[PDB]
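Student: opening piece of a complex, kept in its complex position:
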Amino acid sequence: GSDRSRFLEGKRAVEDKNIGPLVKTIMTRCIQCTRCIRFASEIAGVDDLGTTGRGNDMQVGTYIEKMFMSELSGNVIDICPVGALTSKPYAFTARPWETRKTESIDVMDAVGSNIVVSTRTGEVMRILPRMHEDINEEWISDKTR
Amino acid sequence: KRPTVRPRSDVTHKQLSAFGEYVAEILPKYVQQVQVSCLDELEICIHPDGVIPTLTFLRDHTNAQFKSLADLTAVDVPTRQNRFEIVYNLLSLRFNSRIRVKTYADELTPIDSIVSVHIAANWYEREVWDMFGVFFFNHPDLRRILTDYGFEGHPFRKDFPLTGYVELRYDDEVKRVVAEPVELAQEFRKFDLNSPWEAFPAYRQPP
Amino acid sequence: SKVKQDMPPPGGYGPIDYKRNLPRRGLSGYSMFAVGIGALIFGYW
Amino acid sequence: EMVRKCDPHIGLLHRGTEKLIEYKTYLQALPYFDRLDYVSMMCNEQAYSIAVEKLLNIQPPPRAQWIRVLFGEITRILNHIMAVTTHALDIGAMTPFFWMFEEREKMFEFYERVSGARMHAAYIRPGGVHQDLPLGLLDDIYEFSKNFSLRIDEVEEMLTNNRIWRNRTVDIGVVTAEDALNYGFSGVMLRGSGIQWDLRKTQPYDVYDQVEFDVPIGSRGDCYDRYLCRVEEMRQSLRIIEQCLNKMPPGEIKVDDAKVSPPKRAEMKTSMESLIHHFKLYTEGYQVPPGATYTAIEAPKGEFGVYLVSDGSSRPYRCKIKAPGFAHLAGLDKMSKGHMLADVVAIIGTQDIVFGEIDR
């Protein structure tokens, strides 16, 4: 990617949606990639997240003020590349390059989903998922994370 | 035109490349994998048993008067079975060229000394031993040059922790400086900075 | 407005002395023996 | 009082900089180099800057090069001033050390004005220079330069034709030309013997190829001839400043390549890509392509070279530093043969040694 900007105009902003106590939606920084929409309607089966409008105004989110709460709802944090929607408990607590990644496993359920317990100076900061194609196919529940 | 990209004087690439081959076929018994980098610097890899003949040749030969030993470093690479890759940088003062000579070693595979050829190696030659534990044959003195008189270790090895295993402090019970195992007040913070994206496609390693 | 960047003034600066300048000083070489011997002979008298 | 054997036990200042570099990004490791040869401060980081530039395959802008040569010569005057004086302090002539340190203090204002520190200016980044010269600082450098050649003469009067200084320095530390190369000597030690060598005139790395100057060469190898080489280099370095002042082209100070050098503060706060590059260059650091280089520059002590190995990451793999003093002090055994204890004291200085670079 280019190393400088030719933009000389005013950017856009988007109304921010309060869609629950896990995810923190700051939709000004969405790149409208439709990953969250597909994951919601193909893995979690929540089918309550979609686009809206057209043009630059293609806001993504629930049209009405509704709770996007499901057993697999914290995984939207992982899937979204940009920080458009991120976890609330983790909000501002730490940063990646400070954290040490260690391998572990979930014990909150009987499936033993793999885990990356990121610790920063002797304390647990977040519980990320690992890839394992037999159990925990890159997704982990909300209870574990 | 391109003020950012370095000017490329391709003339000195041909000259070095010709000389690398000339050294390759005038000393085949040891020479391995001569190469020239983008930055126009030659690099000859030598079997460890041929350090003296190669270094003696490159100094005395009329067409290669490499009389100045710039430095004698050592790169630790745990990946390869022969870890320590001793490096010799040489300078001419006649043909105005720099040539690198490389050999491999191991913590149980010493290398013949060079103080006979280049006396400059003498102190560099211990520095490698003190820092990497690469014993060198036929050296006169060969003692630690940098580390304390009581390090049971080799600091520059990649398996040596940065903080070390011992700290010094003053004790009144014994009225002298004592050594105790290291207990840092703030642990060194290792930053996982590596990016997960192919910065340089020209160096891809297929699986 | 125009770029101001701390450049040397037009035509550069004045020259800077950079060579050895050790003045030559002292009596002739015979005068200083003449004074010394003259002082030495007048003293004995 | 005759020395039969010298065994320099260096290691009293082994901080272990080379290992601490491997855990630090390229920009993070820059101040390590200001602290190796701590009397030619910003002429060390030039060696680091040139090495990283070579691997990155970038070159600095024309204005930056002149600043790096202009300030690369103030380091030479700074370092030679100490070498002439602290050498004389041990011999006994304390007065010249106090005169010329009224000039070091003047020049340290230039560092404190281009950077913010008197001594360790982390000013010469690989991507050119960190920050532009403040208005009128060239005028102050010029006003310094005019008065300077008078200062060097005042010292030259005191301890250049004295019986006491010539007898304490002539015929001492005679190093044969053949042994100078075999012992790996470089810099003034080579030139004192008679060997014609200077990296600024044989392997140019900056605008040094467009600037004219003379390299002093000595007839005999004694400490006296290489004293004159140090004093005469100040004269020639003071000649480069005249030229750098008189041609300091306008332009940028750092390469316009936001993936290696940071963008300006103003663009950081209005454009997105500039913020991303500012954010990544100061967290991970720019990545240099895998490779190995040995770049050498004519530091005032001599051939200061850095051997950077690298992998496809933001932190180097091995950074060996060819301190010019390592070879000189190793050869101290041969210099002091049939010479008294006081002569050894007069030979430590004539090598112009600091143990930050040796031990490093």
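Tutor: Looks like it arrived, so ask away. Numbering: from 1, shown residues only, chains lettered A, B, ... in the order given.
Student: contacts only, for residue 22.
Tutor: Since no chain was named, I'll use chain A. Going by Cβ atoms under 8 Å, 6 or more residues apart in numbering or on different chains, residue A:22 touches A:69, A:73, A:74, A:77, A:87, A:88, A:89, A:142. Every C-beta, even on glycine, is put in place using the N, C-alpha and C of the backbone.
Student: can you look at chain C instead?
Tutor: D:153, D:156, D:157.
Student: likewise for residue D:301?
Tutor: Counted by Cβ under 8 Å, 6+ apart, residue D:301 has contacts D:37, D:40, D:79, D:187-188, D:323-325, D:328, D:352-354, D:357.
Student: what about residue A:141, neighbour count?
Tutor: Residues within reach of residue A:141, counting by other Cβ atoms under 10 Å in any protein chain shown, total 19.
Student: residue C:6 now?
Tutor: So residue C:6, with other Cβ under 10 Å, has 14 neighbours.
Student: isn't it right up against residue D:140?
Tutor: No. With contact defined as Cβ atoms under 8 Å, residue C:6 and residue D:140 do not form a contacting pair (10.7 Å).
Student: how much space between whichever residue of chain C sits closest to chain A and chain D?
Tutor: Distance from chain A to each residue of chain C (Cβ to the nearest Cβ) is smallest for residue C:1, at 18.9 Å. Using Cβ to the nearest Cβ, to the nearest Å, residue C:1 is found at 15 Å from chain D.
Student: got it, and residue B:108?
Tutor: Distance from residue B:108 to chain D, by Cβ to the nearest Cβ: 22 Å.
Student: state the distance from that residue to residue B:143.
Tutor: As for residue B:108, its distance to residue B:143 is 20 Å (criterion: Cβ to Cβ, to the nearest Å).
Student: settle it for me: which of the two has more neighbours?
Tutor: Counted by other Cβ under 10 Å, residue B:108 and residue B:143 do not tie: residue B:143 has more neighbours, with 11 against 7.
Student: who in chain D is up against chain C?
Tutor: Contact residues (Cβ under 8 Å from any Cβ of the partner chain) of chain D with chain C: D:132-138, D:142, D:145-146, D:148-150, D:153, D:156-157, D:235-236, D:238-239, D:241-242, D:245-248, D:250.
Student: hmm, try it at 6 Å
Tutor: Contact residues, chain D versus chain C (Cβ under 6 Å from any Cβ of the partner chain): D:133, D:135, D:138, D:142, D:145-146, D:149, D:153, D:235, D:238-239, D:242, D:245-246, D:248, D:250.
Student: what two of those are the furthest from one another?
Tutor: Farthest apart among these by Cβ to Cβ are D:153 and D:250. That separation is 35.2 Å.
Student: now for chain E:
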Amino acid sequence: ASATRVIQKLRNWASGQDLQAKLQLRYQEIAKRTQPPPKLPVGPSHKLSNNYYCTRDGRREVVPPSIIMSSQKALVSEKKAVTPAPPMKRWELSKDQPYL
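Tutor: Chain E added:
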């Protein structure tokens, strides 16, 4: 500028060379501490058009070290004697102060 002109003569004579025009300490030749605002020039690559990074990306122009006579492969090693470079030219005496 407070030497009284009789000590100014004594120090000028004793030193051997005039120095009241070349004093160490600075009086009023130094640039004023406060300076007017600058506007540093914007360097190249701010063209805003025809400036694609793929043209002047020097970091990607580096290629792995070219290899000659690789042992792993079977590279092939009347020939004239070769040198690393043409011999360095002998320097010439300086013309300003050849001898000092």
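Student: the contacts of residue A:22 again please, chain E included this time.
Tutor: A:74, A:88 (Cβ atoms under 6 Å, 6 or more residues apart in numbering or on different chains).
Student: backbone phi and psi for it, please?
Tutor: Torsion angles at residue A:22 (phi, psi; degrees, to the nearest 10) stand at phi -90, psi -60.
Student: state the distance from it to residue A:76.
Tutor: Applying Cβ to Cβ, the value for residue A:22 to residue A:76 is 9 Å.
Student: repeat for residue B:133
Tutor: Separation of residue B:133 from residue A:76 (Cβ to Cβ) stands at 52 Å.
Student: who has more neighbours, these two?
Tutor: In this view residue B:133 and residue A:76 are compared by other Cβ under 10 Å, and residue A:76 has more residues nearby, 27 against 20.
Student: ok, and the closest non-adjacent residue to that one?
Tutor: The shortest distance from residue A:76 to any non-neighbouring residue, by Cβ to Cβ, 6 or more residues apart in numbering or on different chains, is to residue A:36 (5.0 Å).
Student: can you check residue B:110 too?
Tutor: In space, and not counting its chain neighbours, residue B:110 is closest to residue B:135: 4.0 Å by Cβ to Cβ, 6+ apart.
Student: what's around the residue in chain A that chain E sits nearest to, how many residues?
Tutor: As assessed by Cβ to the nearest Cβ, chain E sits closest to residue A:2 within chain A, at 4.9 Å. Number of residues near residue A:2 (other Cβ under 10 Å) recorded here: 12.
Student: now it, what are its backbone angles?
Tutor: With angles defined as degrees, to the nearest 10, residue A:2 sits at phi -60, psi 150.
Student: how far away is residue B:107 from residue B:155?
Tutor: From residue B:107 to residue B:155 the distance is 14 Å (Cβ to Cβ).
Student: returning to that earlier point: give the contact list for the residue nearest to residue A:76.
Tutor: If you count contacts by Cβ under 6 Å, 6+ apart, residue A:36 has them with A:49, A:76, A:80.
Student: try 10 Å
Tutor: The contact partners of residue A:36, taken as Cβ atoms under 10 Å, 6 or more residues apart in numbering or on different chains, are A:23, A:25, A:30, A:49-50, A:60-61, A:68, A:75-77, A:79-80, A:84-85.
Student: now for the residues you listed: which two are most distant?
Tutor: Greatest spacing in those, by Cβ to Cβ: A:50 and A:77 (18.6 Å).
Student: for the two, work out which one has more neighbours and name it.
Tutor: residue A:77 (21 against 14).
Student: please name the nearest non-neighbouring residue to the more buried one.
Tutor: For residue A:77, ignoring the flanking residues on the chain, the nearest one in space by Cβ to Cβ, 6+ apart is residue A:87 at 5.0 Å.
Student: try residue C:12
Tutor: residue D:246 (3.9 Å).
Student: and chain F, same structure:
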Amino acid sequence: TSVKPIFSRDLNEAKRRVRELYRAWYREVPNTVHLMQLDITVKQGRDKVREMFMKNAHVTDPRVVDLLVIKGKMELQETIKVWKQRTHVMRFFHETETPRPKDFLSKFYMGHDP
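Tutor: Once chain F is put in with the chains from before, the structure reads:
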């Protein structure tokens, strides 16, 4: 198998060097304790020399033993001359560190160590 030798045809030959280095230390303990004013007596100094050898009596590689002997001679050279002072020689005796326990229950009481 198939590893070049270093000052050792076989283990027995390298054991002679170790026995040569031991005779160099046993003859040296009574000279360091006096040349540098150590607070130990020669009888217990020789015990530490022997102890530092049993620490490495389980090795059997000829190459390793030669490197151990080479380092020991360097360690001896720095002590024959007074390069290493009382601070360095008394570093072997560990006269300050608390004796780390061995019983599992004692380890369980203090710290999380295995």
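Student: go back to the neighbour count of residue C:6, now with chain F?
Tutor: 18.
Student: swap in the one 5 residues further on?
Tutor: Other residues within reach of residue C:11 by the criterion other Cβ under 10 Å amount to 7.
Student: isn't it up against residue D:247?
Tutor: No. Judged on Cβ atoms under 10 Å, residue C:11 makes no contact with residue D:247 at a distance of 11.9 Å.
Student: need the overlap of contacts for the two.
Tutor: Joint contacts of residue C:11 and residue D:247 (Cβ under 10 Å, 6+ apart) do not exist.
Student: and residue B:57, backbone torsions?
Tutor: Dihedral angles of residue B:57 (phi, psi; degrees, to the nearest 10) stand at phi -60, psi -50.
Student: go on, the one 4 residues further on?
Tutor: Note on residue B:61: its backbone torsions stand at phi -60, psi 140 [degrees, to the nearest 10].
Student: where does residue B:90 sit: helix, strand or coil?
Tutor: strand (DSSP: H, G, I helix; E, B strand; the rest coil).
Student: residue D:232 against residue D:149, yeah?
Tutor: No. Contact between residue D:232 and residue D:149 fails when scored by Cβ under 10 Å: they sit 11.8 Å apart.
Student: out of these two, which sits in the more crowded spot?
Tutor: residue D:232 (24 against 20).
Student: report the secondary structure state of that one.
Tutor: Secondary structure assignment for residue D:232 (three-state DSSP): helix.
Student: distance check, it against chain E.
Tutor: Remark: distance between residue D:232 and chain E (Cβ to the nearest Cβ) = 6 Å.
Student: count the neighbours of the residue nearest to that residue when sequence neighbours are not counted for me.
Tutor: Excluding its sequence neighbours, the residue lying closest to residue D:232 (Cβ to Cβ, 6+ apart) is residue D:216, at 4.0 Å. Other residues within reach of residue D:216 by the criterion other Cβ under 10 Å amount to 21.
Student: residues in contact with residue D:216?
Tutor: Applying Cβ under 10 Å, 6+ apart to residue D:216 gives the contacts D:188, D:191-192, D:198, D:225-226, D:228-233, D:235-236, E:94, E:97, E:100.
Student: find the closest residue to chain D in chain F.
Tutor: residue F:83 (7.0 Å).
Student: number of nearby residues for the residue lying closest to that residue once chain neighbours are set aside?
Tutor: Counting by Cβ to Cβ, 6+ apart, residue F:83 lies nearest to residue B:149, which is 6.3 Å off, once chain neighbours are set aside. Per other Cβ under 10 Å, the neighbour tally for residue B:149 reads 19.
Student: any idea which residue of chain B is furthest from its center?
Tutor: Of all residues in chain B, residue B:173 has its C-alpha farthest from the mean position, at 44.1 Å, by Cα atoms, centre = their mean.
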